[PDB]
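The structure appears right after this line, and notes come after that.
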Amino acid sequence: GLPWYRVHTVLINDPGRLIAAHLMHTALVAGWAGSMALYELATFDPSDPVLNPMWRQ
Amino acid sequence: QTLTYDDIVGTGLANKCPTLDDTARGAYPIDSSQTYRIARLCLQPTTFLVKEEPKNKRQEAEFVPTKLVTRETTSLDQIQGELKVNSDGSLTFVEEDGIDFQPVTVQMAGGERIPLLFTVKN
Ligand code: CLA
Ligand code: CLA
Ligand code: CLA
Ligand code: CLA
Ligand SMILES: CC1=C(/C=C/C(C)=C/C=C/C(C)=C/C=C/C=C(C)/C=C/C=C(C)/C=C/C2=C(C)CCCC2(C)C)C(C)(C)CCC1
Ligand SMILES: CC1=C(/C=C/C(C)=C/C=C/C(C)=C/C=C/C=C(C)/C=C/C=C(C)/C=C/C2=C(C)CCCC2(C)C)C(C)(C)CCC1
Ligand SMILES: CCCCCCCCCCCCO[C@@H]1O[C@H](CO)[C@@H](O[C@H]2O[C@H](CO)[C@@H](O)[C@H](O)[C@H]2O)[C@H](O)[C@H]1O
Ligand SMILES: CCCCCCCS[C@@H]1O[C@H](CO)[C@@H](O)[C@H](O)[C@H]1O
């Protein structure tokens with residue numbers, strides 16, 4: 001069979017499933033961005049942009 | 001032209017103090033020999049400001065706006081007391097009784113809730 005480092009080559013001649021895989025990657029990246037923003041909002045302290053701005057946190 | 005409870009109920013007007021027309025720019029004479037009282041004192045708050053708690057003592061803290069979250073339950077009303085004429089012609093209101101307190105919760109930017117007993121007791 002295919003070795004483990006080649007499993008995704010099944011997409012090379014399958015444009016529709018390539019689009020599907022690219023869609024899933026895009027979904028994962030967009031979900032990371034939303035998740036990351038929510039985590040930061042749950043931890044960010046906005047009370048002092050002078051001595052505790054976002055880049056200290 | 002006089003409103004009933006059923007005219008007012010649920011409108012929010014019950015939390016509002018009476019107003020006077022723009023024509024009411026007169027003068028009410030005080031007879032230093034007469035005794036007076038305030039038959040009704042009403043206080044309708046429109047803004048609640050909270051002083052921020054700063055980390056820097058060199059920094060002068062300011063009063064910031066807040067959001068009222070306990071609805072139209074804030075006004076003081078039906079307050080009465082003596083209105084004394086003092087020897088120097090000044091007047092002193094001495095509060096006696098009435099609905100002279102309201103618990104109020106306002107919310108600061110970021111979510112911190114500030115309860116207070118808004119009052120003119122005594
Ligand atoms: C963008 C991400 C992505 C996408 C769109 C695909 C898409 C595909 N994979 Mg690939 N794969 C991926 C990442 C991805 N893969 C990763 C990270 C691995 C290593 C684990 C693999 C290993 C792999 C194998 C062995 C095979 C495929 C196969 C395929 C095809 C069929 C679907 C399948 O069987 O997946 C398999 C399902 C997964 C790999 C699920 C991965 C789950 C991750 C690792 C953890 C997620 C758990 C949870 C949500 C998060 C954990 C958080 C933690 C704190 C607990 C399809 C083209 C198959 C194929 O067609 O071969 C010819 C196949 O046999 N993939
Ligand atoms: C746009 C980026 C991109 C895309 C779409 C591909 C796509 C592909 N690669 Mg290439 N490659 C890339 C960048 C990319 N690569 C980079 C940056 C490197 C150096 C790191 C390589 C080095 C490389 C080698 C040496 C090989 C491929 C191979 C392949 C083919 C099979 C992949 C597979 O089945 O893996 C399956 C992978 C797994 C089942 C698990 C891998 C788990 C990794 C090691 C750790 C987990 C990563 C994590 C889940 C995601 C974080 C990613 C993010 C931080 C970027 C497929 C055409 C293979 C090929 O040519 O087949 C003929 C092959 O041998 N790639
Ligand atoms: C004018 C026509 C047209 C348009 C607008 C696009 C636009 C796009 N194509 Mg391309 N493509 C075209 C013609 C077109 N293509 C043709 C004729 C072919 C040969 C078949 C291809 C082959 C092709 C491949 C193989 C791939 C793309 C991909 C992409 C997307 C990459 C960016 C992305 O995913 O952002 C993120 C997405 C958004 C911000 C949301 C977009 C909202 C969508 C467009 C609306 C959905 C409704 C719509 C009717 C669905 C079909 C749209 C379709 C016309 C693209 C982008 C949406 C890639 C892709 O889909 O990655 C996931 C991809 O892998 N295209
Ligand atoms: C420019 C931006 C960019 C690019 C070019 C890529 C490219 C890729 N990503 Mg995506 N990713 C991105 C941004 C990007 N990513 C962002 C912002 C997020 C949110 C965090 C993700 C989340 C993400 C997930 C969850 C997955 C991918 C995967 C992939 C690979 C799919 C194709 C493949 O089969 O490779 C084959 C794999 C390789 C060629 C190896 C890549 C090696 C990378 C570059 C470094 C890994 C180093 C080290 C081994 C990781 C250890 C991590 C461990 C400590 C947890 C491709 C390399 C998928 C993948 O890797 O499937 C196997 C996958 O599952 N990405
Ligand atoms: C379905 C649906 C829905 C939902 C959705 C959701 C809910 C989503 C989510 C999503 C999400 C929530 C996502 C997330 C993602 C994440 C990710 C993707 C991550 C990744 C990571 C990584 C990749 C990492 C790596 C690393 C490590 C781990 C260590 C260090 C180093 C590094 C960085 C490499 C709705 C309702 C809208 C409607 C429609 C349908
Ligand atoms: C239609 C319909 C349906 C549908 C469904 C669906 C569509 C689902 C989907 C689902 C999904 C799609 C889900 C998701 C999942 C996700 C996950 C599981 C995630 C994870 C993540 C994480 C873990 C993260 C982490 C982090 C980051 C990334 C950054 C920041 C930090 C933290 C740590 C937070 C149902 C069946 C209901 C029913 C019938 C109808
Ligand atoms: C889209 C669907 C998924 C949505 C779910 C993800 C939501 C993430 C939202 C992040 C913003 C909420 O962030 C949350 O805010 C409040 C107020 O500061 C914090 O709450 C903290 O402070 C308040 C102060 O009143 C305390 O009463 C409370 O006990 C304490 O936990 C949480 O520790 C923080 O995590
Ligand atoms: C996608 C919807 C995410 C849910 C949003 C939660 C309310 S928003 C949230 O409110 C907290 C309390 O006022 C603040 O302390 C915090 O800074 C703010 O991010």
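All ligand and atom numbering here is 1-based and tracks the order in the structure. Here is how names work: the chains are called A, B, and so on, in the same order as the sequence lines, proteins then strands, and each is numbered from 1. What you see below is based on every heavy atom in this structure, not just the backbone, and it leaves out hydrogens, waters and symmetry mates.
By the 4.5 Å heavy-atom criterion applied to side chains, B:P18 and B:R40 are counted as neighbours. Counting only heavy atoms from C-beta outward, the side chains of B:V120 and B:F93 never approach each other to under 4.5 Å. A heavy-atom distance below 4.5 Å is found between the side chains of B:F48 and B:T74. Within the 4.5 Å cutoff, the side chain of A:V50 has no heavy atoms near those of the B:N56 side chain.
Following chains of ILVMFWY side-chain contacts shorter than 4.5 Å, one cannot reach B:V94 starting from B:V85, and the two form parts of different hydrophobic clusters. B:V50 and B:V69 fall into different hydrophobic clusters, defined by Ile, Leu, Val, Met, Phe, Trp and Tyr side-chain heavy atoms under 4.5 Å apart, directly or through other members. Hydrophobic clustering places B:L91 together with B:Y28 (ILVMFWY residues linked when any side-chain heavy atoms are closer than 4.5 Å, directly or through intermediates). Linking ILVMFWY side-chain heavy atoms closer than 4.5 Å, directly or via other members, places B:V64 and B:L68 in a single hydrophobic cluster.
Of all atoms in ligand 8, numbered sequentially from 1 with element shown, those under 4.0 Å from a heavy atom of B:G111 are 12 (C), 13 (O). Taking a cut-off of under 4.0 Å to the non-hydrogen atoms of A:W32, the atoms of ligand 4 that pass are 19 (C), 20 (C). Within ligand 6, the atoms closer than 4.0 Å to a non-hydrogen atom of A:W32 are 28 (C), numbered from 1 in the order shown.
The protein non-hydrogen atom at the shortest distance from atom 17 (O) of ligand 8 is A:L41 O, 4.5 Å. Counting only heavy atoms of the protein, atom 2 (C) of ligand 8 lies nearest to A:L38 CD2, 5.0 Å. Closest to atom 33 (C) of ligand 6, if we only count protein heavy atoms, is A:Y39 CD1, 4.8 Å. When hydrogens are left out, the protein atom nearest atom 26 (C) of ligand 6 is A:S35 CB, 4.7 Å; that is the closest non-hydrogen contact. Among all non-hydrogen protein atoms, the one lying nearest atom 15 (O) of ligand 8 is B:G110 O, 2.6 Å.
Contact annotation for atom 65 (N) of ligand 4: protein present (non-hydrogen atoms, distance under 4.0 Å). Taking a distance limit of 4.0 Å, we find that atom 21 (C) of ligand 4 is approached by some protein heavy atom. Distance check for atom 6 (C) of ligand 8: every protein heavy atom is found at 4.0 Å or beyond. Less than 4.0 angstrom separates atom 12 (C) of ligand 4 from at least one non-hydrogen atom of the protein. Protein heavy atoms are found inside the 4.0 Å sphere centred on atom 30 (C) of ligand 6. Protein heavy atoms are absent from the 4.0 Å sphere centred on atom 22 (C) of ligand 6. Protein heavy atoms are found less than 4.0 angstrom from atom 27 (C) of ligand 4. Protein non-hydrogen atoms do not reach within 4.0 Å of atom 10 (O) of ligand 8. Distance check on atom 16 (C) of ligand 4: some protein heavy atom falls below the 4.0 Å cut-off. For atom 35 (O) of ligand 4, the protein comes within 4.0 Å by no heavy atom at all. Protein non-hydrogen atoms do not reach within 4.0 Å of atom 6 (C) of ligand 6.
B:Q34 CD: more than 12 foreign heavy atoms inside a 6.0 Å radius.
Of the listed residues (A:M36, A:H22, A:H8), the one carrying the non-hydrogen atom nearest atom 33 (C) of ligand 4 is A:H8.
In the model, A:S47 has a side-chain atom that pairs as donor or acceptor with a side-chain atom of A:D45 under 3.5 Å.
Within the protein, the N, O or S atoms lying under 2.8 Å from atom 10 (Mg) of ligand 4 are A:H25 NE2.
Side-chain atoms of B:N86 never come within 3.5 Å of backbone atoms of B:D88 as a donor-acceptor pair (strictly under, hydrogens ignored). At distances below 3.5 Å, not a single donor-acceptor pair connects side-chain atoms of B:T66 with backbone N or O atoms of B:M108. Between the side chain of B:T70 and the backbone N or O of B:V104 there is no donor-acceptor pair closer than 3.5 Å. B:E95 places no side-chain N or O within donor-acceptor distance of the main-chain N or O of B:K121, the cut-off being under 3.5 Å. Here the side chain of A:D14 pairs no donor or acceptor atom with the backbone of A:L11 at under 3.5 angstrom. A distance-only check finds no donor-acceptor pair linking the side chain of A:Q57 to the backbone of A:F44 [under 3.5 Å].
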